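>>> Partial complex here, more coming in a sec:
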Amino acid sequence: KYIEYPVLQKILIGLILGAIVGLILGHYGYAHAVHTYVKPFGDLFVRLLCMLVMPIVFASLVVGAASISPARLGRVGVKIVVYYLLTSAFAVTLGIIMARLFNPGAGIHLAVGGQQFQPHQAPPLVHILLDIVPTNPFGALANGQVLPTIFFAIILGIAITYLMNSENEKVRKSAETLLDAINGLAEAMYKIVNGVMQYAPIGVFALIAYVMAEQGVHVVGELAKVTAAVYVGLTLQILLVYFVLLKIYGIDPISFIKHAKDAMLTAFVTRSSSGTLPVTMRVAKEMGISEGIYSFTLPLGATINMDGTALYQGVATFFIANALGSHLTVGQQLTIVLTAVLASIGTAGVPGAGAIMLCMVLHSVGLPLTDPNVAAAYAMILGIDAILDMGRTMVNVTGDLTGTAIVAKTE
């Protein structure tokens, strides 16, 4: 009855097997039969993910904003935060650059309803800026106001830390309770994802089964385009910024990897920043980092790491937009990505944050997920998310070890 079977294998088996099942049911098969019977199982998966998108974004940004918040943040924490901000700055640039070098999306011009999707643009800059301030925070949270909820979660989280710097213990315990309850909710939402990723093998099967059956055979190359663009910018991040930052701080990059070798390979196969944390701290000890440093910097890196997701969103955004037929400019690209990345603080791992934040960025840009085109194109990245999330978490851990080595050397 039970499959206590490796969760990552399940999803990869479902993807590889599902594309086959769908593709042969595509050639001489019945694209429609797949759509009416197989697809609803995929739709159930998409709903289950798009469910958590609001609680995790909110509750995670409250805790996240509380972590980075001054002056609650210590002097050893300030320098590693500055580290992550300047690594994500390059990661965003690489994300877009690889999404420009490779061209995912073009080639497949989807118009599923017998009509191509038309994005409706755009309130005046006056009206779009005013609207980031939620007229009613509860209502914002209630009916999926994306940007307002971000704004409120940050301004709330920061305010909570200022209460924890108060002489009144009535006040200071109150904030400690509220933050503790907002956390745990965030934490419960992560555990719920783990459970949903258990349905992922069945759901991911059903998703690409339909897409392969209906969108032709061109899709598998376009998804390979995405995988390539991410994975080459993945290693380009390690080589061009992590290795440079190690070398510029007088740490040998070659012998650094020799320690992290299994710690990265664990992250590449576990996808969990928290699950790999024990392996990470042990390797930080191997390299000879101080106990009072890696016990504080590594739990933060497992949450406030933006650079990994920055490479995911860079390519994913461009693909999902290009596929719909809308040509996206470099200006809009970084506007969307910096939004997604700045909203993904505290959400580093988190099993499938890459695909979740993509939903959040779709609703905020106007594209309704109920629309047949937007739904179909999202279902493609949702298929190969497992693949991309492997490398996403691998670079995360690599950048946490690169950060902790640079921050320990300066101590």
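Ah, there it is. Residues are numbered from 1 along each chain as shown, chains lettered A, B, ... in the order given.
>>> count of neighbours near residue A:142?
For residue A:142, the neighbour count with other C-beta atoms under 10 Å is 11. In short, each C-beta sits where N, CA and C put it, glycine included.
>>> how close does the spatially closest residue to residue A:176 that is not a sequence neighbour sit to residue A:175?
The shortest distance from residue A:176 to any non-neighbouring residue, by C-beta to C-beta, 6 or more residues apart in numbering, is to residue A:164 (6.4 Å). Residue A:164 is 5 Å from residue A:175, where distance means C-beta to C-beta, to the nearest Å.
>>> Residue A:151 against residue A:135, yeah?
No - counting by C-beta atoms under 8 Å, residue A:151 does not reach residue A:135; the two are 11.5 Å apart.
>>> So if I had to pick from these two, which one is more boxed in?
Counted by other C-beta under 10 Å, residue A:151 and residue A:135 do not tie: residue A:151 has more neighbours, with 18 against 10.
>>> dump the residue contacts of that one.
A:132-134 (C-beta atoms under 8 Å, 6 or more residues apart in numbering).
>>> what helix or strand does it sit in?
helix A:146-163 (DSSP states H and E).
>>> chain center to that helix: distance?
When distances are taken as C-alpha atoms, centre = their mean, to the nearest Å, helix A:146-163 is centred 20 Å away from the chain's centroid.
>>> Mind exporting the C-alpha coordinates of it to PDB?
Presented in PDB, the C-alpha positions along helix A:146-163 are these (Å, rounded to 0.1, in the frame of the first residue of the first chain):
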ATOM      1  CA  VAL A 146       0.200  40.200  -4.300                       C
ATOM      2  CA  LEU A 147       2.200  43.500  -4.000                       C
ATOM      3  CA  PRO A 148       0.200  44.900  -1.100                       C
ATOM      4  CA  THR A 149       0.700  41.600   0.900                       C
ATOM      5  CA  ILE A 150       4.500  41.800   0.300                       C
ATOM      6  CA  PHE A 151       4.500  45.500   1.400                       C
ATOM      7  CA  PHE A 152       2.500  44.700   4.500                       C
ATOM      8  CA  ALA A 153       4.500  41.600   5.400                       C
ATOM      9  CA  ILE A 154       7.800  43.600   5.300                       C
ATOM     10  CA  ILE A 155       6.500  46.600   7.200                       C
ATOM     11  CA  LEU A 156       4.900  44.200   9.800                       C
ATOM     12  CA  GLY A 157       8.000  42.100  10.200                       C
ATOM     13  CA  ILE A 158      10.300  45.100  10.700                       C
ATOM     14  CA  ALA A 159       7.900  46.600  13.200                       C
ATOM     15  CA  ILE A 160       7.900  43.400  15.200                       C
ATOM     16  CA  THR A 161      11.600  43.600  15.800                       C
ATOM     17  CA  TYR A 162      11.300  47.200  17.100                       C
ATOM     18  CA  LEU A 163       8.900  45.900  19.700                       C
END
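>>> now for chain B:
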Amino acid sequence: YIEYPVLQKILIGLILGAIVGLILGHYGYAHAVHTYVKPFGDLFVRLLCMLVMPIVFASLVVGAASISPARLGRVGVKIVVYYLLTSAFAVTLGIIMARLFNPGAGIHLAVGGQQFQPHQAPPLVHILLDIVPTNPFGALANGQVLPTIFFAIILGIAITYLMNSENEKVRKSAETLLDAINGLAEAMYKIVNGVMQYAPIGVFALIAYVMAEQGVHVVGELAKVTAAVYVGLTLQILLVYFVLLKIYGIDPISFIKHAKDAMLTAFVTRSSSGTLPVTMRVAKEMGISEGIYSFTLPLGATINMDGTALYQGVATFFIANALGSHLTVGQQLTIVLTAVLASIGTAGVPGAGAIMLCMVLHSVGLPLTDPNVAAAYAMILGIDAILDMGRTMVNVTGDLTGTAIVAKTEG
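Below is chain B, added to the chains above:
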């Protein structure tokens, strides 16, 4: 300062109100009652239908955390298995007595000068997908019934899994969130007590109008409901509790001789928690182990489904039959099993029978703002006090039957 037995108040208001209404019905003014008396009854209906969302949610989070494995102990597993198999019979008896007696037929209400037409029904695909809340906050916000149930269970379960974590940051966080969701649930119960203080006035006004407008046939139809519940009530005790006692080698005759006052307390207090002291004392009289009845009786006061199962069985059939819609056995158990599975943690809880009915009406599509649905619900809302007496009595009887069976299988 009306410092007077709350149950008497409501019964006085019901008996007196039906008289006042009925004579104001014969040669009186049905309309004057409707314009002046009825608004006081409407205030009562609002006050109840207010709590329906917080108690269902917060109660199901705590409820799901109680039954949740593997947080549940081995002595708790066996009593949970007990309650599942007693509710299975209670649901069957509930429907069976609602079929034997025929409440609802005879009074074909069409108050607006038009009979109510229930609008059915999205495809099974669309109705199943929709149990997953697209946005949990929104679900909670605008009265998504089934989605809120789904989310409350999946949240409550996830919270217990966090309490089995080595990280005390994680484990305290979940302990705080659950403690805050509880207490909210608990506060909602206390608010009901306060509302039941208005119940005598409100219940007066409700049946006063119904009797004045719906004729004299109503009192027999409500007697039909009371009979159907109370004969299935004793049929539960005789056919399943006594059989379960006898099959476990406990004498049913001498068992009742101990519980005699513990049941009669529950029949007059309506409170599973208020009767708990009387219950535990009687469990000691029968000679149950201290480490058993101190754990099994607080659970029975919350996760007891069998009592409500008899309430909802008859209430659903009446409220549907009265509206003119003929209900099948399939739909009956679909509705009841939904109501009962959503009523875990809500055993007492002063007026849960009438509250869960509101929840089941909104979930089935019938708007409570509709004049027919409102009138027919106001009928069961009138005689709820009567039915809730027996409802809580069977609850306590089944808790003592459970604890005796579970203690005998221990030592």
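>>> Check the neighbour count of residue A:142 one more time with chain B there.
19 (other C-beta atoms under 10 Å in any protein chain shown).
>>> My guess is it contacts residue B:141. True?
Yes - Residue A:142 is within contact range of residue B:141, at 3.8 Å (criterion: C-beta under 8 Å).
>>> Check which helices and strands the strand or helix carrying residue A:295 is in contact with.
Residue A:295 belongs to helix A:291-304 when assigned by DSSP H and E. Here helix A:291-304 touches helix A:39-68, helix A:75-101, helix A:273-286, helix A:385-409, going by 3 or more C-beta pairs under 8 Å, 6 or more residues apart in numbering or on different chains; DSSP states H and E.
>>> 6 Å - rerun?
helix A:273-286, helix A:385-409 (3 or more C-beta pairs under 6 Å, 6 or more residues apart in numbering or on different chains; DSSP states H and E).
>>> Nearest to chain B within the stretch 1-150 of chain A, name that residue for me.
residue A:142 (3.8 Å; C-beta to the nearest C-beta).
>>> thinking again about what came up before, report the backbone C-alpha coordinates of the helix holding residue A:295 in PDB.
Output in PDB follows, covering the C-alpha atoms of helix A:291-304 (Å, rounded to 0.1, in the frame of the first residue of the first chain):
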ATOM      1  CA  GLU A 291      31.500  27.500  15.900                       C
ATOM      2  CA  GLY A 292      29.900  30.800  16.700                       C
ATOM      3  CA  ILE A 293      29.800  31.700  13.000                       C
ATOM      4  CA  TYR A 294      28.400  28.800  11.000                       C
ATOM      5  CA  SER A 295      25.700  28.100  13.600                       C
ATOM      6  CA  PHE A 296      24.300  31.600  12.800                       C
ATOM      7  CA  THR A 297      25.100  32.100   9.100                       C
ATOM      8  CA  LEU A 298      24.000  28.800   7.700                       C
ATOM      9  CA  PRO A 299      20.500  28.800   9.100                       C
ATOM     10  CA  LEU A 300      20.100  32.300   7.600                       C
ATOM     11  CA  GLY A 301      21.500  31.200   4.300                       C
ATOM     12  CA  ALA A 302      18.900  28.300   4.200                       C
ATOM     13  CA  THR A 303      16.200  31.000   4.200                       C
ATOM     14  CA  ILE A 304      17.400  34.400   3.000                       C
END
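>>> while you're at it, add chain C from this line:
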Amino acid sequence: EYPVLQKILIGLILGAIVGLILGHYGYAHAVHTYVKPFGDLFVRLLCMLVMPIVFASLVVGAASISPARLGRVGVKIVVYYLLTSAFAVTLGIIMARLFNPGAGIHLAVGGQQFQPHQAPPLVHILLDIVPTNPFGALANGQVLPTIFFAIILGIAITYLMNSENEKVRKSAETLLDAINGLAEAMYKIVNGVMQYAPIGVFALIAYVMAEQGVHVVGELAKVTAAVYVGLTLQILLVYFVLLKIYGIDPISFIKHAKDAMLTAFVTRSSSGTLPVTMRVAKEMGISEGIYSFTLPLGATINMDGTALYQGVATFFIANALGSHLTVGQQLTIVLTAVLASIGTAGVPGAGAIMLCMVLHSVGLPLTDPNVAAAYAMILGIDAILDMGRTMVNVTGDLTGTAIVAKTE
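Chain C, in position alongside the others:
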């Protein structure tokens, strides 16, 4: 980092100048398209907090006043505040009648004057105070229902804290502690917003002065006068009378409080002035076990100061729109605003926040160009009025604690 109160006053005085000269031969429209959006950002930032502070504050507030959780020394000071607000409401309205703010400026900005839509049957308006769904109420800005639910929740929480079950009693203690802190976080967020206030307040009156003419500055002076004369009239006619009736010399009482009031008049913070207040309570010779309990409560549950604010503010904002307001409706609106403002005494800018709450509850949409413009006027001079508002608050807390200590 610069003194926050100065900033706002500088922005107001400087902004009215900038706007007014840009009004005469300048460009009222250019101000509206470029300057005003910065003021609108300020109005949004305030109207943001209005729902969480009202709710969370009323839960904690209702838990404080709640019987029988309230002690016997607390019962008598609560009775004190109820009977001081009773007079403060009366004075608020009376000074709003004596002075006539609003009339003279008949604003019809859209080329049309605002028409308030009245009013469901008393049956339907009373039934609707009970929220059909508390979450929904909270979600989409049901004002009166949220008040109702916050009170009935807060009271219920105290009754759980009087329970033998420690599972039950800790649960309520946790929930209340988490609702507090949210309330407390909302106050800290206001402080941050008041840091933008100087820029935002500049932009608001800059537009109003530029577009509504020069008549506005006299009408705002009308509001300031009406508040400040009823402010001192409160101290003289009720605080001094209550001190004298309890055998305390009012003349020599002020001689001690002289700097404690002047601190509150310049700090605007009931909590920031609390150290100065307790020191003066010691100077007057109040018992340690009294002013350490009564003064922190007064810094929060003081309603009398805000009752004078809403009395004048409501009348002005309504009169300016062209709607003539009766004495019946006046006290209906004010008693609503004041009964919803318990726990919210300070709280940096509660006077302006509660005004938004009372505007949405009466039907006037803040998105409407007229309602928005008239609210932007009181929002401009709020800093001024909030100075005296907090000053009377602290004075009434010292008057209360002296009367309650003398009876102990």
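>>> In light of the added chain C, please revisit the neighbour count of residue A:142.
Quick note: residue A:142 (other C-beta under 10 Å) scores 24 neighbours.
>>> Now do the contacts for it.
B:137-138, B:141, C:139 (C-beta atoms under 6 Å, 6 or more residues apart in numbering or on different chains).
>>> Let's see which of these end up in helices.
If you go by DSSP state H, those have B:137-138, B:141, C:139 in helices.
>>> rewinding a little: is the helix holding residue A:151 anywhere near chain B?
No - figure legend: helix A:146-163 not in contact with chain B (C-beta under 6 Å from any C-beta of the partner chain); closest approach 9.1 Å.
>>> Same check on stretch A:349-365?
No - shown here: stretch A:349-365 not in contact with chain B (C-beta under 6 Å from any C-beta), separated by at least 9.8 Å.
>>> From chain B, how far off is the residue lying closest to residue A:399 once chain neighbours are set aside?
Distance criterion C-beta to C-beta, 6 or more residues apart in numbering or on different chains; nearest residue to residue A:399, sequence neighbours excluded, is residue A:307 at 5.5 Å. From residue A:307 across to chain B, the span is 24 Å (C-beta to the nearest C-beta, to the nearest Å).
>>> Can you report how many residues lie near the residue in chain A that chain B sits nearest to?
Per C-beta to the nearest C-beta, residue A:184 is where chain A lies closest to chain B, at 3.0 Å. Residue A:184 has 26 neighbouring residues, counting by other C-beta under 10 Å.
>>> and what of residue A:13?
Neighbour number of residue A:13 under other C-beta under 10 Å is 15.
>>> what residues does the helix holding residue A:295 touch?
Residues contacting helix A:291-304 (C-beta under 6 Å, 6+ apart): A:80, A:273-274, A:277, A:280-281, A:284, A:345-346, A:348-349, A:400, A:404, A:407-408.
>>> Which of those residues has the largest number of neighbours?
residue A:400 (33 neighbours).
>>> Relative to chain C, how far out is the nearest residue to that residue once chain neighbours are set aside?
Computed as C-beta to C-beta, 6+ apart, the closest residue to residue A:400 that is not its neighbour in sequence is residue A:301, at 3.4 Å. As defined by C-beta to the nearest C-beta, residue A:301 lies at a distance of 27 Å from chain C.
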